[PDB]
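Input: a single structure, listed below in structure tokens.
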Amino acid sequence: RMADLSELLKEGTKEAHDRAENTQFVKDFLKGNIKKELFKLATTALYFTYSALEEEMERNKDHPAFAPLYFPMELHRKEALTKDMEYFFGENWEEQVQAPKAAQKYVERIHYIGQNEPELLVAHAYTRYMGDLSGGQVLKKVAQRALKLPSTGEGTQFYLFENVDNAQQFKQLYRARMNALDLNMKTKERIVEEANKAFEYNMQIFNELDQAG
Amino acid sequence: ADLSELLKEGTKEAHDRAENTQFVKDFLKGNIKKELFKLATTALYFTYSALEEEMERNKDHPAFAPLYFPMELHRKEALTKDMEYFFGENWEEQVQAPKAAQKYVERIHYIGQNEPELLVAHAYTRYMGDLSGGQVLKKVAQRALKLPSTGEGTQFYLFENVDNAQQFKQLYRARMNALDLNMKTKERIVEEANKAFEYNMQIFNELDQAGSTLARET
């Protein structure tokens, strides 16, 4: 069970996960130090990176190495992020925003993988959504308190999974699916490798955000 | 084109911006203040600590092995002496990495652990620079801060296991140019060297902001 993909990921991305937890921008957010404009900018980066990831997951919804992990209803953030974008910028928010450079680098990478190495898509989807599920409720409260956002959910719908009754149960089900995938040890290692890349793309988004505010 | 040539050409713009920063200008001009120099040496310590840990990790990796020169180039134990000098014996307990240096440390560890073939982008920009400008910066800092002529506080700027800096750069360039690399990975190396200079600028930016807050404090 050392060879379970979920175990290889946990062990393989330990240093990367450690760096993201302890990175200044994450900490500043957790302490309530991130102002409205920087949050709006952070949410913009979220919009473009999730759009891309979810387009490629939709492209590969029938692919043998990804199909079981296709959860548009449960997990997809694009339409929650659109409402958050609407809330902060108004109805023509699309013409008020652009993908920041570090976000557009991740977007490129995800279109590349979804179009060329779709057995590595799970590297992106696992590290992203399972993180989102784990942390949403604490992150939501942090943002609402910092920016005095309504308790009804406007501005923070990204952090709420309105079709997952129990995050812990769903994470267990997702892993069991990820572990049942017919993948050889070489492909798993390439997945762990791409999971590390996925983490670093985020570090660079945070780096660019920290340099902004 | 050789990697050294792609690097020199491809990081020219970024090289020129580094040289025309307010920190570098003032340093060279002599206008450097103890606490700001201490802050710079602190940034150097954690940076080179991270870099040399990753070079060590990849000393036998075919994409880095030939560029492994612990005896000639490694700076950590020199900087440890410089840290003891400015901060006393217990320093490690009291000094954290400055924010932008810490961000650069994070990148270095990612690279050395996951994309070691790009480590040369960091090693080459750093060490070739240090080796070229050591003899000038050493005595400018010694002169400005009134440091002892025996060498304390500037160990970082002295490469005592390099007889001829010019000849060693030649050696180092030939080895780097012999590495088995695609044009595609060469471009990724140049891109990463440019990113190192952005980190470099953030570290200088931070030191500049620290200098204003201690001149508004006087």
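Each chain in the structure tokens gets a letter, A, B, ..., in the order shown, and its residues are numbered from 1; ligands are numbered from 1 in order too.
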Next on the checklist: I need the chain B residues near chain A as number ranges by chain; criterion: at most 10 Å, counting only C-alpha atoms.
Outcome noted: B: 99-100, 102-104, 106-107, 109-111, 113-115, 199, 202
Checklist entry - If you count only C-alpha atoms, which residues fall within 6 Å of stretch 119-132 of chain B, apart from same-chain ones fewer than 6 positions away, as a ChimeraX atom specification? => result /B:189,192-193
Next on the checklist: Report as an MDAnalysis selection string all protein, DNA and RNA residues lying within 10 Å of stretch 15-18 of chain B, evaluated on only C-alpha atoms, omitting residues in the same chain fewer than 5 positions from it.
Outcome noted: chainID B and resid 8:10 23:25 125 194 197:198 200:201 204
Checklist entry - Please, which residues of stretch 22-68 of chain B, numbered as in this document, come out helix (DSSP H, G or I) from DSSP, as a PyMOL selection string? => result chain B and resi 22-29+34-57+65-67
Expected file: the selected residues, N, CA, C and O atoms, as a compact mmCIF listing (two decimals), in the first residue's frame:
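Output saved as result-v3.txt:
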# COMPACT_ATOMS: atom_id res chain seq x y z
N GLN B 22 19.31 51.34 -6.64
CA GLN B 22 19.75 52.32 -5.65
C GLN B 22 20.69 51.72 -4.58
O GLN B 22 21.60 52.40 -4.11
N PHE B 23 20.46 50.46 -4.22
CA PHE B 23 21.34 49.77 -3.28
C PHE B 23 22.75 49.61 -3.84
O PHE B 23 23.72 50.03 -3.21
N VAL B 24 22.85 49.00 -5.03
CA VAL B 24 24.15 48.75 -5.70
C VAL B 24 24.93 50.04 -5.95
O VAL B 24 26.14 50.09 -5.70
N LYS B 25 24.24 51.07 -6.43
CA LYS B 25 24.82 52.40 -6.62
C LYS B 25 25.48 52.92 -5.35
O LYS B 25 26.69 53.21 -5.34
N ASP B 26 24.69 53.02 -4.27
CA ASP B 26 25.15 53.50 -2.97
C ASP B 26 26.28 52.67 -2.38
O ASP B 26 27.24 53.23 -1.83
N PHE B 27 26.17 51.35 -2.49
CA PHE B 27 27.22 50.43 -2.05
C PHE B 27 28.55 50.80 -2.72
O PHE B 27 29.50 51.22 -2.04
N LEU B 28 28.59 50.66 -4.05
CA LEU B 28 29.74 51.03 -4.88
C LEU B 28 30.28 52.42 -4.58
O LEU B 28 31.50 52.63 -4.55
N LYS B 29 29.38 53.37 -4.36
CA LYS B 29 29.74 54.77 -4.09
C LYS B 29 30.40 54.92 -2.71
O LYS B 29 31.05 55.94 -2.42
N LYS B 34 26.08 50.02 8.28
CA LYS B 34 26.27 48.75 8.99
C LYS B 34 25.04 47.85 8.98
O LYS B 34 25.11 46.69 8.55
N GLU B 35 23.91 48.38 9.46
CA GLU B 35 22.69 47.60 9.64
C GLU B 35 22.11 47.09 8.32
O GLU B 35 21.48 46.02 8.28
N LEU B 36 22.33 47.85 7.25
CA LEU B 36 21.86 47.50 5.91
C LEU B 36 22.78 46.44 5.28
O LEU B 36 22.31 45.54 4.60
N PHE B 37 24.08 46.57 5.54
CA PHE B 37 25.06 45.56 5.15
C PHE B 37 24.78 44.25 5.88
O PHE B 37 24.82 43.17 5.26
N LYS B 38 24.49 44.34 7.18
CA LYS B 38 24.12 43.19 8.00
C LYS B 38 22.89 42.50 7.43
O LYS B 38 22.82 41.27 7.35
N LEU B 39 21.93 43.31 7.01
CA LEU B 39 20.70 42.83 6.39
C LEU B 39 20.98 42.11 5.06
O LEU B 39 20.39 41.07 4.79
N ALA B 40 21.87 42.67 4.26
CA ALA B 40 22.33 42.05 3.01
C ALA B 40 23.07 40.72 3.23
O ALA B 40 22.86 39.76 2.48
N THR B 41 23.94 40.68 4.24
CA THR B 41 24.69 39.46 4.57
C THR B 41 23.76 38.34 5.06
O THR B 41 24.04 37.17 4.83
N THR B 42 22.68 38.73 5.73
CA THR B 42 21.62 37.84 6.19
C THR B 42 20.87 37.26 5.00
O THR B 42 20.59 36.05 4.95
N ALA B 43 20.54 38.11 4.04
CA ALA B 43 19.93 37.63 2.82
C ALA B 43 20.88 36.65 2.10
O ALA B 43 20.44 35.61 1.61
N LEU B 44 22.18 36.97 2.07
CA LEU B 44 23.16 36.09 1.40
C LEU B 44 23.29 34.72 2.07
O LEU B 44 23.29 33.69 1.40
N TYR B 45 23.37 34.72 3.40
CA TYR B 45 23.49 33.48 4.16
C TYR B 45 22.44 32.44 3.80
O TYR B 45 22.78 31.31 3.46
N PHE B 46 21.17 32.81 3.90
CA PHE B 46 20.05 31.90 3.68
C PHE B 46 19.92 31.46 2.23
O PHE B 46 19.62 30.30 1.95
N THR B 47 20.14 32.41 1.32
CA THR B 47 20.23 32.15 -0.12
C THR B 47 21.28 31.10 -0.49
O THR B 47 20.96 30.13 -1.17
N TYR B 48 22.52 31.28 -0.02
CA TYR B 48 23.61 30.38 -0.38
C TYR B 48 23.53 29.07 0.36
O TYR B 48 23.97 28.04 -0.12
N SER B 49 22.95 29.12 1.55
CA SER B 49 22.65 27.92 2.31
C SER B 49 21.73 27.01 1.48
O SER B 49 22.03 25.83 1.28
N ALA B 50 20.64 27.59 0.97
CA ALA B 50 19.68 26.86 0.13
C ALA B 50 20.31 26.33 -1.17
O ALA B 50 20.10 25.18 -1.54
N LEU B 51 21.09 27.18 -1.84
CA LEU B 51 21.74 26.82 -3.10
C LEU B 51 22.75 25.68 -2.96
O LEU B 51 22.82 24.78 -3.81
N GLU B 52 23.53 25.72 -1.88
CA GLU B 52 24.59 24.76 -1.71
C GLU B 52 24.06 23.43 -1.21
O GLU B 52 24.62 22.38 -1.52
N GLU B 53 22.95 23.48 -0.47
CA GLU B 53 22.21 22.27 -0.08
C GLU B 53 21.68 21.51 -1.30
O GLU B 53 21.68 20.30 -1.32
N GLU B 54 21.23 22.25 -2.31
CA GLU B 54 20.67 21.67 -3.54
C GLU B 54 21.73 21.23 -4.55
O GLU B 54 21.49 20.29 -5.33
N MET B 55 22.87 21.92 -4.56
CA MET B 55 24.00 21.51 -5.38
C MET B 55 24.59 20.21 -4.84
O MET B 55 24.91 19.31 -5.59
N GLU B 56 24.74 20.16 -3.52
CA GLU B 56 25.09 18.95 -2.80
C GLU B 56 24.15 17.79 -3.15
O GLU B 56 24.61 16.70 -3.45
N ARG B 57 22.84 18.03 -3.15
CA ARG B 57 21.85 17.00 -3.47
C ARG B 57 22.07 16.41 -4.88
O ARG B 57 21.82 15.23 -5.12
N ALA B 65 26.39 17.63 -12.10
CA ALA B 65 27.68 17.10 -11.64
C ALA B 65 28.94 17.91 -12.04
O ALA B 65 29.74 18.28 -11.17
N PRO B 66 29.13 18.21 -13.36
CA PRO B 66 30.35 18.94 -13.75
C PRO B 66 30.49 20.34 -13.13
O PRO B 66 31.59 20.89 -13.08
N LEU B 67 29.38 20.91 -12.67
CA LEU B 67 29.37 22.25 -12.09
C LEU B 67 29.48 22.21 -10.57
O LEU B 67 29.27 23.22 -9.90
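Minimum distance to residue A:189 across A:120, A:173, A:112, A:52 (counting only C-alpha atoms) occurs at A:120.
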Checklist entry - Suppose you want the space between atom CA of residue B:163 and atom CA of residue B:133; what is it in Å? => result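 Calculated distance between atom CA of residue B:163 and atom CA of residue B:133 is 14.7 Å.
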Next on the checklist: Using Å and a single decimal, report how far atom CA of residue B:161 sits from atom CA of residue B:70.
Outcome noted: 10.0 Å
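We find atom CA of residue B:72 and atom CA of residue B:168 to be spaced 9.1 Å apart.
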